[PDB]
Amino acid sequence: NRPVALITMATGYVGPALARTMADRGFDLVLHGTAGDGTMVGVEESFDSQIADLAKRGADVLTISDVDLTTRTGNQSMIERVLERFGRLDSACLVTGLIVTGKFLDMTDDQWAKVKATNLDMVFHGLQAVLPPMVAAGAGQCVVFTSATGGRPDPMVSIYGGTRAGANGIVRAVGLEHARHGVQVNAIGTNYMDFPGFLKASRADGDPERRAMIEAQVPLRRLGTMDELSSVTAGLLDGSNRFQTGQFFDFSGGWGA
């Protein structure tokens, strides 16, 4: 009678570490992500890599990789397949958004359309899909991964940070609107996290000089690890804490304080 946790984009970012710890805490898992092996873009830990490890930890796993999470149908389909496999949805970790930077006046209509689709549509359709079963069950926990930029939308990240702030605002209203049904919805916004995506984007991957310069921008003078983040995230998804909802948590080494 294990509870069920959904994790999207689970082939990279916090998904793998979160899956391991959520399995340690007695959860069955539905992992949405990108199909293929490590060579494929955006695959930091392949599905096949994880299935064996999570099985050892006692978790059943369902993988999903043929849905468009910027759309209603994609998210509705994803949840339909969760309920089909395990008849229940207790926790949901919705990873959203795609980075875009540059001068505000250089932003194209395509960049504007893309950032709305990744930073907002994923949140709107994601929440409209995970909530109904949680409300029906009278209990549920959701974490929406936005960005620490949402807490301080800065120059050169206008449309990305701004829409992240809108995502946090949606999460606040939704987290408060369904609190009375026993459902929690909170947002985590990270920055300066140590995973291949950020290292490649920041050009720190193979450059120690660049790495030191990036870390110097962080008050704690380091990059965050996925084990740390997964521990905090799991804390909001494992049922141990049921007294926070509609809130935004900065996780950027103090950068967003």
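Numbers for residues come from their place in the sequence shown, where the first is 1.
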Taking the recorded C-alpha temperature factors, which stretch has the higher mean, 125-133 or 149-157?
-> 125-133
Report the stretch with the higher mean CA temperature factor, choosing between 56-64 and 190-198 on the basis of the entry.
-> 56-64
Peak C-alpha temperature factor (PDB record), options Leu69, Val43, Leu229, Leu220 = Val43
In the PDB entry, which of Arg172, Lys103, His181, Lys114 has its C-alpha at the highest B-factor?
-> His181
So where's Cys93 on the chain's Cα temperature factor ranking, which third?
-> middle
Among the chain's modelled residues, which third holds the C-alpha B-factor of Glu80?
-> highest
In terms of the chain's CA B-factor thirds, is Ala257 lowest, middle or highest?
-> lowest
Third of chain Cα B-factors occupied by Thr233 = middle
Sort the modelled residues of this chain by their C-alpha B factor and say whether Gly162 lands in the lowest, middle or highest third.
-> lowest
